[PDB]
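Let me begin by presenting the structure, written as structure tokens, before commenting on it.
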Amino acid sequence: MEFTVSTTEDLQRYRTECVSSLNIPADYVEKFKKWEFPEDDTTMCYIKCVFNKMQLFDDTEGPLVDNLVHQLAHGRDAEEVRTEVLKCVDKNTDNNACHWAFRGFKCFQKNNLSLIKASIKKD
Ligand SMILES: CCCCC/C=C\C/C=C\C/C=C\C/C=C\CCCC(=O)O
């Protein structure tokens, strides 16, 4: 079972295809490059697509905890990472998948953004 962690280089690939597919305006893309994600439905579906191609989010189960700690805990205790992730894992009470994935991402980065940058970083 070969698991390929998504580095920054891989991330630039997935994110590009999601951009060209979801008709994401280049202006928004500039924001994303500076790690700026506006609270808007465009950005939300963008995050969903990216997180999906990275095999990190599913439209049914939501955030894939296993892959999440395997990815994020790049250089940190996976058990603690699992915990922090779970504190951002919720149910789709909003009933929109783009916003669901976006809420998980937004929740986590607001407390642990450095880990996100490090997870995709080749140490
Ligand atoms: C339930 C909480 C889940 C939190 C998951 C958060 C991040 C997923 C883990 C690793 C992803 C690391 C970097 C990718 C982050 C945003 C997608 C690219 C956005 C962009 O390129 O502009």
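Naming works like this for the structure tokens: A, B, ... for the chains as they're shown, residue 1 at the start of each chain, ligands 1 onward in shown order.
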
Extract, using only C-alpha atoms, all DNA, RNA and protein residues at most 10 Å from residue 25 in chain A, discarding same-chain residues fewer than 6 positions from it, and format them as a PyMOL selection string.
chain A and resi 19+42-43

Using DSSP on the backbone, list every residue of chain A that comes out as helix (DSSP H, G or I), and give them as a ChimeraX atom specification.
/A:8-21,26-33,41-53,65-72,78-86,97-119

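You will find CA of residue 123 in chain A at 12.5 Å from CA of residue 72 in chain A.
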
Produce a table with one row for each residue of chain A that has an atom at most 7 Å from any atom of ligand 1, each row naming the nearest atom pair and its distance in Å at one decimal; use only C-alpha atoms and all ligand atoms; arrange rows by chain and rising residue number; format as a tab-separated table.
residue	atom	partner	partner_atom_place_in_ligand_line	distance
A:11	CA	ligand 1	21 (O)	6.4
A:12	CA	ligand 1	21 (O)	6.5
A:15	CA	ligand 1	21 (O)	5.7
A:29	CA	ligand 1	22 (O)	6.9
A:32	CA	ligand 1	22 (O)	3.8
A:33	CA	ligand 1	22 (O)	5.6
A:35	CA	ligand 1	22 (O)	5.9
A:47	CA	ligand 1	17 (C)	5.8
A:50	CA	ligand 1	17 (C)	6.0
A:51	CA	ligand 1	17 (C)	6.4
A:56	CA	ligand 1	8 (C)	6.5
A:63	CA	ligand 1	1 (C)	5.3
A:68	CA	ligand 1	9 (C)	5.7
A:71	CA	ligand 1	10 (C)	6.0
A:72	CA	ligand 1	9 (C)	5.4
A:85	CA	ligand 1	2 (C)	4.7
A:86	CA	ligand 1	1 (C)	6.0
A:88	CA	ligand 1	1 (C)	4.3
A:89	CA	ligand 1	1 (C)	3.9
A:104	CA	ligand 1	2 (C)	4.0
A:105	CA	ligand 1	4 (C)	4.2
A:107	CA	ligand 1	2 (C)	6.6
A:108	CA	ligand 1	4 (C)	5.1
A:109	CA	ligand 1	6 (C)	6.6
A:116	CA	ligand 1	12 (C)	4.6
A:117	CA	ligand 1	13 (C)	6.1
A:119	CA	ligand 1	12 (C)	6.1
A:120	CA	ligand 1	12 (C)	5.6

Using C-alpha atoms, can you write the selected residues to a file as a PDB file, in the first residue's frame?
ATOM      1  CA  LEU A  11       0.251  20.676  -4.287  1.00  0.00           C
ATOM      2  CA  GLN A  12       0.937  23.237  -7.020  1.00  0.00           C
ATOM      3  CA  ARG A  15      -4.344  23.213  -7.091  1.00  0.00           C
ATOM      4  CA  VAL A  29      -5.238  32.264  -7.058  1.00  0.00           C
ATOM      5  CA  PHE A  32      -4.009  31.548  -2.271  1.00  0.00           C
ATOM      6  CA  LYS A  33      -0.319  31.900  -3.151  1.00  0.00           C
ATOM      7  CA  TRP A  35      -1.974  31.782   1.959  1.00  0.00           C
ATOM      8  CA  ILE A  47     -10.349  23.655  -1.260  1.00  0.00           C
ATOM      9  CA  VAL A  50      -7.632  20.131  -3.869  1.00  0.00           C
ATOM     10  CA  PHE A  51      -8.191  18.188  -0.661  1.00  0.00           C
ATOM     11  CA  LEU A  56      -7.334  14.010   2.236  1.00  0.00           C
ATOM     12  CA  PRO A  63     -11.917  14.709   6.557  1.00  0.00           C
ATOM     13  CA  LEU A  68      -4.565  13.747   7.720  1.00  0.00           C
ATOM     14  CA  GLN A  71       0.423  13.990   6.178  1.00  0.00           C
ATOM     15  CA  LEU A  72       0.318  16.810   8.726  1.00  0.00           C
ATOM     16  CA  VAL A  85      -7.396  17.369  13.621  1.00  0.00           C
ATOM     17  CA  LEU A  86     -10.339  15.752  15.423  1.00  0.00           C
ATOM     18  CA  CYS A  88     -11.644  20.445  13.714  1.00  0.00           C
ATOM     19  CA  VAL A  89     -13.539  17.428  12.397  1.00  0.00           C
ATOM     20  CA  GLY A 104     -12.195  21.760   8.413  1.00  0.00           C
ATOM     21  CA  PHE A 105      -9.304  23.516   6.701  1.00  0.00           C
ATOM     22  CA  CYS A 107     -10.569  25.573  11.639  1.00  0.00           C
ATOM     23  CA  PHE A 108      -7.214  23.814  11.603  1.00  0.00           C
ATOM     24  CA  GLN A 109      -5.103  26.487   9.894  1.00  0.00           C
ATOM     25  CA  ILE A 116       0.249  22.711   7.222  1.00  0.00           C
ATOM     26  CA  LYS A 117       3.206  24.438   5.593  1.00  0.00           C
ATOM     27  CA  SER A 119       3.573  18.889   6.117  1.00  0.00           C
ATOM     28  CA  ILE A 120       3.961  19.729   2.431  1.00  0.00           C
TER      29      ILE A 120
END

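With only C-alpha atoms as the atoms that count, the residue of A:36, A:115, A:13, A:21 with the shortest distance to residue 77 in chain A is A:115.
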
As a PyMOL selection string, please: every residue in chain A that DSSP puts in strand (DSSP E or B).
chain A and resi 57-58+62-63

Dump C-alpha atoms for the selected residues as a compact mmCIF listing (two decimals), in the first residue's frame?
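What ended up in result.txt:
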# COMPACT_ATOMS: atom_id res chain seq x y z
CA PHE A 57 -11.07 14.75 2.09
CA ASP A 58 -14.10 12.76 0.97
CA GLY A 62 -15.48 14.23 5.23
CA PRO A 63 -11.92 14.71 6.56

Grab the CA of residue 20 in chain A to CA of residue 91 in chain A distance for me, in Å with one decimal place.
28.9 Å

Write out as JSON, numbers by chain which residues come within 10 Å of range 94-97 of chain A when counting only C-alpha atoms, dropping same-chain ones fewer than 5 positions away.
{"A": [41, 44, 45, 48, 57, 58, 59, 60, 62, 102, 103]}
